[PDB]
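What follows is each chain in one-letter form.
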Amino acid sequence: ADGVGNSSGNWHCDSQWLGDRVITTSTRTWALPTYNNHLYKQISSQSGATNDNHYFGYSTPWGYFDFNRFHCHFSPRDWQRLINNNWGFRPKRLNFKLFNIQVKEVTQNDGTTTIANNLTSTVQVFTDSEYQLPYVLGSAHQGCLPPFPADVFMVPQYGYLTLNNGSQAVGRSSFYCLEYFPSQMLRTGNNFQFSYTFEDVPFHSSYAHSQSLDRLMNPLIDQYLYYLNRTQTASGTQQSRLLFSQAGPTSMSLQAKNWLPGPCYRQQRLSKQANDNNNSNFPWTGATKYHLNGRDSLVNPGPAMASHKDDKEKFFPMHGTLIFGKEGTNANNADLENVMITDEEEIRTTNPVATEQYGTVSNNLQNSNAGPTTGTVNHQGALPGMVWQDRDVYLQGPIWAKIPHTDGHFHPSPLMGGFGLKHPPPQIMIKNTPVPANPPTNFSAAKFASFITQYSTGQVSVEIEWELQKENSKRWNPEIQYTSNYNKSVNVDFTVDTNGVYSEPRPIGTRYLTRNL
Amino acid sequence: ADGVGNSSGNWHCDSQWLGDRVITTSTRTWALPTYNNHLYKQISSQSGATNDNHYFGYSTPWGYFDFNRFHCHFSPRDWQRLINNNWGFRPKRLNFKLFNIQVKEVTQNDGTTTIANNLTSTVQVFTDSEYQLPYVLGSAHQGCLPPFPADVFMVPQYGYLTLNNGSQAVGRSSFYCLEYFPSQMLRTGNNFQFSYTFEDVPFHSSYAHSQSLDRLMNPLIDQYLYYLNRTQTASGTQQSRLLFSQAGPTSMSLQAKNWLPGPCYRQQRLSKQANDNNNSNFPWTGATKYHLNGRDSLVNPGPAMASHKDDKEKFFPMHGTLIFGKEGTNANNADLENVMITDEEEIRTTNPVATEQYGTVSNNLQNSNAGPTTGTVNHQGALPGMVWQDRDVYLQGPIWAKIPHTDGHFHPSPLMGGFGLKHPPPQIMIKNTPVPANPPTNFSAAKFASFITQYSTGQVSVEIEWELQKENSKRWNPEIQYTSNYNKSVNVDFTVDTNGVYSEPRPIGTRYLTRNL
Amino acid sequence: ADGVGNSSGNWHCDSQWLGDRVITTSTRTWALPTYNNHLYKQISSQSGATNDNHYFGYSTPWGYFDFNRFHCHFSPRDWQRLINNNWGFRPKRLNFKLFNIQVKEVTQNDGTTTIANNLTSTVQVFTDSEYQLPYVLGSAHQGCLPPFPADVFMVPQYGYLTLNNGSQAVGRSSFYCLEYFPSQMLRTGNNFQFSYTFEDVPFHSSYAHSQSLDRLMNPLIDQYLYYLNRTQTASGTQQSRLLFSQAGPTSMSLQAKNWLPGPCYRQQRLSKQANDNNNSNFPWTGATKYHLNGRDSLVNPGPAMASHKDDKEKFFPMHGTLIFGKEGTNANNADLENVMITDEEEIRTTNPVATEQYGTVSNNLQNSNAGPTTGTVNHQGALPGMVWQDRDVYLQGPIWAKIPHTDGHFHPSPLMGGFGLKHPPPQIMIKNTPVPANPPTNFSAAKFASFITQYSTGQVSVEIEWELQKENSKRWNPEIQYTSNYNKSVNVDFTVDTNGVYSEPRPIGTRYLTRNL
Ligand SMILES: Nc1ncnc2c1ncn2[C@H]1C[C@H](O)[C@@H](COP(=O)(O)O)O1
Ligand SMILES: Nc1ncnc2c1ncn2[C@H]1C[C@H](O)[C@@H](COP(=O)(O)O)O1
Ligand SMILES: Nc1ncnc2c1ncn2[C@H]1C[C@H](O)[C@@H](COP(=O)(O)O)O1
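Residues numbered from 1 in each chain as written, not as in the entry; some residues may be left out. Chains lettered and ligands numbered in written order. Part of a larger assembly, values for the part shown. Heavy atoms only, no water.

Per the deposition metadata, cryo-EM was the technique used to determine this entry, at a resolution of 3.00 Å.

Going by what the PDB entry lists, chain A is known as Capsid protein and is assigned to Adeno-associated virus 13. The title field of the PDB entry reads "The genome-containing AAV13 capsid". Under Subcellular location (unreviewed entry), UniProt gives the following word-for-word description of chain A: "Virion". The record held by UniProt for chain A lists under Sequence similarities (unreviewed entry) the comment "Belongs to the parvoviridae capsid protein family." (UniProt positions renumbered as here; feature names shortened; annotations may be inferred.)

Here's what the structure looks like:
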């Protein structure tokens, strides 16, 4: 209830730190085109694609808003405060607003374009509260709010996939008409709002451990539990004998322990230094992949596993980490120097190394005649007594994902990162209401193909309230912090360049502060 | 009381199932042109048309809204729920809204068109509550709301017919000026609404019978009523004698029965297989037709009668069923493969077969000299003790019709299908108020032929509340349900194609669940 | 709550006349066997039967009680009181009881049978209130309570028919397990009861008319309406001329009249005198029949139509009347003297004669050249202004029938006779609970084929309250009454013979008293 000449909202970008919680707000400007001429179209993989790449689905005229990346809600400085001072954080509740809507009509005459306000035109917005539509958010697609507030972004088109057989469609394939959901219709002067409250979810670990999993022992004291030291006599004629000893400071690897490392599903190892890697093409052939319904699919990034062992910085697991492009990077065949490869190194203390075997097991029964042989375990599922760390969340990266609705889920934490949610923040859908062009003067029952070309722009605000977990540590010596380099440079990190382009030089994980196991 | 910049309504398309009742809402976008230059014109059949095809009437600038098809209010899934779980349904009350009106003015300069908002222009809407205008709704014309919500449709022009003699007009011919009815005038920011309540009407049968009409007997037990078994001696010299017997399980056709099949008016039989039908042109000549005021008219589809007898799927009665076109079908001379021919087969148990005689009667009085002869009854009116089923309603098909106001009506159920109503949902009329172009500067009493070319678009919502009748059956074995084929296919049924075109592959009747007679 | 040694009910057979209403009670003794070894079996027509006689269905172990014949509730004297003194009667409410149950176990050793009380054995009884089972009552099957109270009858087996194609079964065929309905289980000392209330139903006509339909005129006075007396000049050279006259006492057939006779569907005429009928076999071939779903079925007895015209007592319509056998009559090929053929003669005044045409209509358009020709109408459906009488109810004959549940019914009065009911008196089902014989001593999952042979007997009471409509007539002269012949005879009518066999010598209609139209 405003009208043409009254702004329907204000610009709120600030972040405020209450010290129990942080409330981060982001207001951005957006532009929504008219997708595929107001038409639902089915889409399917082109025949000739490999079996693994077939798909069947539907593309819709609707757009949608996704804030699911962290840097939407945090400036690099606000991110620094969080990761430096806190052991954990989780989202509590969010608030969403659309305001200052403008709908522009576009005419094209000869080689000139003309844009004019359409004051009576309408835009449609609905949030899906009941999760009745396919949920495309957690797939780490582009189209999220820009990192830098002054940027204007384009609203991505909404489309979804369903069951397929080859490129065809089985009878269970669902078709969803989004025009079948009650949606609010807005003009210039109308605004949209809703609130949301996150369900209870474990704090993310903002900490790295100060202890290895196998080192929890007291280094001074000797155990009371014996282990088998010798299966053979030490001196004289070699003879079979069983000899036992108490494990202690000198040999730690031999002691009894209460816990096991997290589950492993092994990765191939790549070398950053050129010419060290094998010469052959094996992203697909030599990879680790899961076979689902006759289709192979990479395991990416996969179960959380340390990227590299001690003193091996150069190597990284193939398809085992999140990779981010630097500004201006091609979407096809970018060089290693252009991408930013994240590192899981903090989880060494519990999780296995992604490129190394889980361990070793005995594959036979020995006797006097047959010597003991042992097999190598390259994949291990959960065993009683395992402990593990989840993959780290970055400044740019998924905040949440929707736990698929199924009978069973095991440790439902998104494998890209973030907060697994059964009821994730709803999908906000938006489209431009069709405006017909001049109808014929004699009735025809054919459907209109003739529409006025138009688009809409506006403002969007997202306010999320994040709960914090403070550092209680008694650690004497100084902890690692995330710091900016003091040395001079042509450009400042996390800042626009001479041409106005915002860029993020490096990925920033959240794990700096240290805790004990 | 809104203004230019406030939307006058919201988009509500949903359906909600309360389990006693279902409330189905449909919101669509429409475009209304300017019909025949704001002029009432009389229309009449061109001389040279056959006597049967003459007409006389009037075409009006007004448009109108018709939701009278089912699929307007039901998605194919909502239709599946209804027909599978319910023995009957009837409409209770509806609610209608027009909102977000836009009036566009169109100029044409050289080969370029230009469309701009006319903010002060008006649209006129009135509902006819008192049924004072001719009622054109129940005639199964095009122009109803589209099946699929995302489509935009064109509002059909309103015109009506009255008495004629040849192509001329008798003095009783009525002329109705719709500009003579109080109507509401709306600008952008004004909206229109009314409510309606259906009169008590019999539930439609959503069921098929589990028994034939002639099989209601107990198959185990023998009757106490005798019938005439033999008019002649069984053995020896043939002699006239009357012999009686009790009819029983062995011969059921001979038993006494309390009820008769529904009335029959016979149809010609056609074969779907090419070359089986006769070679000659007889849609008109060999048809079944009623002769009214010197004009022949087909009986279409006609009294409800079963389409075919047992084990004769290929044949169908000529002009005896509803026929729907598949998407993209020509309106002229479409092949049998393009049309969708509905089937009345469920009513075999009571109604006669449309292509078969009603029965046989005796045309003489026998004696010893004259043997009994008997005539064939090809048409039968109501006899005491008849029972019959009404024609089935489809997903696309008439919901209601207006029972003509007359002294007498017999079983006033529309012969196309649906709910006969004495006070059907009113007609909603709409037109664009004329806007003159620049008048001359010297007074002339001639009428304006000079108008600003313009059209209007907007939004329309229809909310109907349907009452349901639940299945009480004790049937042990599983009932037939309407199911989608599981096998894979290029396209999914009841879904858009690659080019964005919504299509309905087959007509869906409501009769699946079974009841006893 | 009685036990072995307490009778659970008393014998009430009396009838009592309150003069507004009559309350007739009937108590009888019954015996229920074990039908088809406790098994549901499907039953179907044997292949080789004619198309018309095919059926498909199920036979159940359950029995049932049917009182639907009149003489169950009325003695011949109570029937005489009713039909003589009353213009109409209809049922109001009934009350039903089962009591004094006895279950007997039967062993057979060599050629000797032994019957002993099983005190712990159970019988199952349920009434179907919701009409969920097939309703087999109105089909005029045997098994009703005997006419004469001292007789003991056997409870008939319950089985039902459903859709068939040939002798096979279409997927819509319903199977009903009666063991799926909550039923009361009784031992000796338990009794069963329920009450029922008939829905409002028209009084049956107990009267015959004192006037013909075409004679309602004043015989003294001449009409003011002219009719066409002469189409040709009376004298001189014959010339076309139209001459009109007022119809009056001399010619009554020519007068204008307000009403038409009831609808006719014509019957073949048979002669009771031997050798007068044609010599050939035509019960099936020369009959009147309705064709339903590719099967012919006789119309029996058919729409109510007078049996014979004035002074033609000997002839009767073929399949047009109810026929009852005299005591001791064969069920196959009984002679004309053994059967009792009912007569509809009372309805002459309105209904057409079953063996005569309805009338005559003109089949062409005359001119000077073409003389008028006219067709004969052998079948007529309802026309505005028709009046008709329903078929008469006899002392032995159907009381009611269930109006099939369908969309439309026309004058739903059973064509055998009686009271059409949408909610007829419920079906009372009964069976003997299975008692296994000694099981094997080692578990086997096969079903028991081994049962203790047993049957049950007991008492059944039916009390119906009938409402009466008194004679108001001013008729001066004495009306016909139903009287017993005074002349002496070897046996008395409606009485046992020397051998103890009750017999009914003649059918007794209810129409004696006369009313005006
Ligand atoms: N990311 C995520 N989302 C939801 N549930 C999770 C997740 N990770 C683990 N779990 C499950 C399994 C943990 O033992 C438990 C901790 O819940 P607590 O709240 O700590 O009592 O919740
Ligand atoms: N379609 C339709 N509309 C209106 N009236 C109809 C229709 N079909 C039948 N009838 C009439 C004739 C029925 O016997 C009666 C049932 O009304 P009931 O409500 O079941 O008591 O109503
Ligand atoms: N046998 C039978 N059962 C049910 N309905 C019937 C029957 N015969 C006729 N009718 C219908 C048609 C009559 O015009 C009306 C009289 O109902 P009234 O009660 O007299 O107002 O009821």
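Peer 1: Please clarify how the relation of the copies chain C and chain B should be interpreted in this entry.
Peer 2: Two copies of one chain are present, and they are related through a rotation about an axis combined with an axial shift. Mapping chain C onto chain B is achieved by rotating through 120 degrees and translating by 0.0 Å along the same axis, at an RMSD of 0.0 Å. Taken together, the rotation and translation describe the operation of a three-fold axis. Of the C-alpha atoms belonging to chain C, the one lying closest to the rotation axis is found on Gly381 of chain C, 2.3 Å away. Looking at chain C, a mere 7% of its interface residues are interface residues in chain B too, so the copies touch through different faces. (Least-squares fit on C-alpha atoms. Contact = heavy atoms within 4.5 Å.)

Peer 1: Looking at this structure, I do not really get the interface of chain C and chain B. What am I missing?
Peer 2: Many analyses report the size of an interface as the accessible area lost when the parts associate. Listed per partner, the contact involves 117 residues of chain C and 104 residues of chain B. Between chain C and chain B lies a buried interface of about 9900 Å² when both sides are counted; carbon and sulfur atoms form 53% of it. The largest share of the area that chain C buries against chain B comes from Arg172, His291 and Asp407 of chain C, three residues that together contribute 8% of it. Across the chain C-chain B interface, the total number found is five salt bridges. Along the contact surface separating chain C from chain B lie 68 residue pairs in polar contact. In terms of residue count, strand 9 (residues 157-162) of chain C provides more of the side of chain C that touches chain B than any other element does, six residues in total. Its residues assigned to classes, the side of chain C that touches chain B shows 53 nonpolar, 50 polar and 14 charged. Pairing of strand 15 (residues 240-246) of chain B with strand 23 (residues 334-335) of chain C, which is carried by two bridges, proceeds in the antiparallel orientation. By the bridge assignment for strand 23 of chain C, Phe244 of chain B is matched with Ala334 of chain C. (Buried area = accessible area lost by both parts, 1.4 Å probe. Salt bridge = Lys/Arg side-chain N within 4 Å of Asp/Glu carboxyl O. Polar contact = N/O pair within 3.5 Å; in protein donor to acceptor, adjacent residues only side chain to side chain. Helix = DSSP H or I, 4+ residues; strand = E, 2+ residues; numbered from the N terminus. Nonpolar A, V, L, I, M, F, W, Y, C, P; charged D, E, K, R; others polar. Pairing = 2+ DSSP bridges.)

Peer 1: What's the story with the interface of chain B and chain A in this structure? I'm lost.
Peer 2: Residue-level contacts link 61 residues of chain B with 56 residues of chain A. Taking both partners together, chain B and chain A bury about 4700 Å²; carbon and sulfur atoms supply 57% of that area. The interface formed by chain B and chain A holds one salt bridge in total. A salt bridge links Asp151 of chain B to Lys447 of chain A, with the shortest nitrogen-to-oxygen separation between them at 3.2 Å. Linking chain B with chain A are 16 residue pairs in polar contact. Breaking the side of chain B that touches chain A down by element, the ones donating at least two residues are strand 2 (21-32), strand 5 (86-109), strand 6 (112-117), strand 8 (152-154) and strand 31 (454-470) of chain B. Of all the elements, strand 5 of chain B adds the most residues to the side of chain B that touches chain A, at seven residues. Of the residues in the side of chain B that touches chain A, the class split is 25 nonpolar, 30 polar and six charged.

Peer 1: So what exactly am I meant to see when it comes to the site of ligand 1 here?
Peer 2: Residue and element names in this part refer to chain A. Neighbouring ligand 1 are the residues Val201, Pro202, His411, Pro412, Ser413 and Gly420. Here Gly420 contributes a backbone N or O atom positioned 3.2 Å from a nitrogen atom of ligand 1. Coverage of ligand 1 by the protein amounts to 46% of the 490 Å² it exposes when considered alone. For the shell around ligand 1, the residue count by class is three nonpolar, three polar and no charged. (Near = heavy atom within 4 Å. Areas by Shrake-Rupley, 256 points an atom, 1.4 Å probe, with all protein chains shown as cover.)

Peer 1: When you look at helix 2 (residues 76-85) of chain A in this model, what are you seeing that I'm missing?
Peer 2: One full turn of an α-helix is made of 3.6 residues, so residues set three or four places apart face in the same direction. Every buried residue of helix 2 of chain A is accounted for by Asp78, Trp79, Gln80, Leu82, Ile83 and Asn84 of chain A. Packing partners of the buried residues in helix 2 of chain A comprise strand 1 (15-17), helix 1 (70-73), strand 5 (86-109) and strand 31 (454-470) of chain A. (Buried < 20%, exposed > 50% of the residue type's maximum accessible area, 1.4 Å probe, protein only.)

Peer 1: What is the right way to read the side chain of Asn164 of chain C from this model?
Peer 2: Here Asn164 of chain C lies in the loop between strand 9 and strand 10 (184-186). Beyond its immediate chain neighbours, meaning those up to four positions away, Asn164 of chain C contacts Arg215 and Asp310 of chain B together with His54, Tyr55, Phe56, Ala169, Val170 and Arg295 of chain C.

Peer 1: Hey, could you run me through the relation of the copies chain B and chain A in this one?
Peer 2: When chain B is fitted onto chain A, the two copies agree to an RMSD of 0.0 Å after a turn of 72 degrees and an axial shift of 0.0 Å. Both chain copies can therefore be described as sitting about a five-fold axis. Taken together, the interface assignments show that only 7% of the residues at the interface of chain B recur at the interface of chain A, consistent with different surfaces on the two copies.

Peer 1: Explain the arrangement of the chains to me, please; I cannot follow it from the model alone.
Peer 2: By number of contacts, the leading pair among the two pairs of chains in contact is chains B and C. At the level of C-alpha atoms, the two units chain A and chain C stay apart, their nearest approach being 23 Å.

Peer 1: Would you mind showing me how to read the site of ligand 3 here?
Peer 2: Residues and elements named next belong to chain C. In the vicinity of ligand 3, the contacting residues are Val201, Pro202, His411, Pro412, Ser413 and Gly420. Bound to the protein, ligand 3 loses 45% of the 490 Å² it would expose on its own. Taken together, the residues that form the shell around ligand 3 break down as three nonpolar, three polar and no charged.

Peer 1: Looking at this structure, I do not really get the pairing of strand 32 (residues 427-432) of chain C. What am I missing?
Peer 2: Regular strands show a simple pattern: their side chains alternate between the two faces of the sheet. Residue and element names in this part refer to chain C. Among the six residues that make up strand 32, six are buried, leaving the element largely enclosed by the rest of the structure. Here strand 32 shows no split at all, with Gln427, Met429 and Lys431 on one side and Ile428, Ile430 and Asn432 on the other all buried. Where strand 4 (residues 56-65) and strand 32 come together, three bridges link them in antiparallel fashion. Across the sheet, the residue bridging to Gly63 is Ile430, located in strand 32. Pairing analysis gives six bridges linking strand 7 (residues 123-128) to strand 32, with the strands arranged antiparallel. Of the residues in strand 32, the one forming a bridge with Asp128 is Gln427.

Peer 1: What is the right way to read the environment of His405 of chain A from this model?
Peer 2: By secondary structure assignment, the location of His405 of chain A is in the loop between strand 28 (400-402) and strand 29 (419-421). For the pair formed by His405 of chain A and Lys422 of chain A, sequence separation is 17 residues and the distance between their alpha carbons is 7.6 Å.

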